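Next up: a single chain in structure tokens, the form deposited in one PDB entry.
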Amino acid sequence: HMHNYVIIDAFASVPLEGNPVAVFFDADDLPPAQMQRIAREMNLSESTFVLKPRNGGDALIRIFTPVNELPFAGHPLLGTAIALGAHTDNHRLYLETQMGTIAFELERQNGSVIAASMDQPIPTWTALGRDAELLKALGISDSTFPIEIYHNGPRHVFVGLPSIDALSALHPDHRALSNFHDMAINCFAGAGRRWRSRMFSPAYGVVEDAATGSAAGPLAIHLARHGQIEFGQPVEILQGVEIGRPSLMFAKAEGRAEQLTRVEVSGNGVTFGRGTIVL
């Protein structure tokens, strides 16, 4: 009959920062075709729907862009966990997805969930093998570190820049980037614990994304493989600064490249708005 929803800015503690997701509660009465139409109506990068669990978790989450269902997504699931924290006292939340059950640790102050940490799927990776084409599209001559593409659901390519100022100076040819299908292009720069990122993806319908949570785990692996951090070291990844949606993602990859045991991504989230829809 009606559904309540909230809009969460994921990877932010301040509204209008981070990356929005709409979260719809009590969605068991909605067929998937209707969920898809609602996600299209909202037009946010994703809308999620909270359903009763089917495999022993706390809830089953379905994730929709305006056009299609996704089996996994980073900031939408973080935002969903933070939104659901308003309706449970549990310290941990087990959210079922198409790719299995993901564990979230919820962080509260006086009953309000302000942040969460999630396990992520362990990615696979290989060289992209299209370096000259991609570098030309980005407008630069070379990457710092190897140009590799990671898969954890989505696909994420990483191109390294020699300084944060060089990262901010990028002005990619988005028409040229559109020849890179079913992937996002993540450009990064930094040192030690602190990194900056920018993400561009014609394939995923975004000129430049504010906070690409599914890329944060892969970036931690990339930095560790290429000697910039150790495995097991947390990194801070600040994305979206140039577009006015600063987003802070934290990530850690445990183990070694050949035997990764855990990939964790965490961030703050904040409620931008709350409402009810008429169906």
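Heads up: residue numbers just count along the shown sequence, starting at 1. Between two forms, the rigid core is defined as the largest C-alpha subset superposing within 1.5 Å.
Just so you know, the form deposited in another entry exists too; it's not on screen, but the next bit is about it.
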Core-superposed between this form and the one not shown, the one of 241, 248, 235, 42 with a C-alpha shift of 2 Å or more is 42
Exercise for the section: Using a rigid core alignment, state whether the CA of residue 221 is displaced by 2 Å or more between this form and the one not shown. Expected result: no
> Do you see a C-alpha shift of 2 Å or more at residue 27 between this form and the one not shown, with the core held fixed?
Replying inline: yes
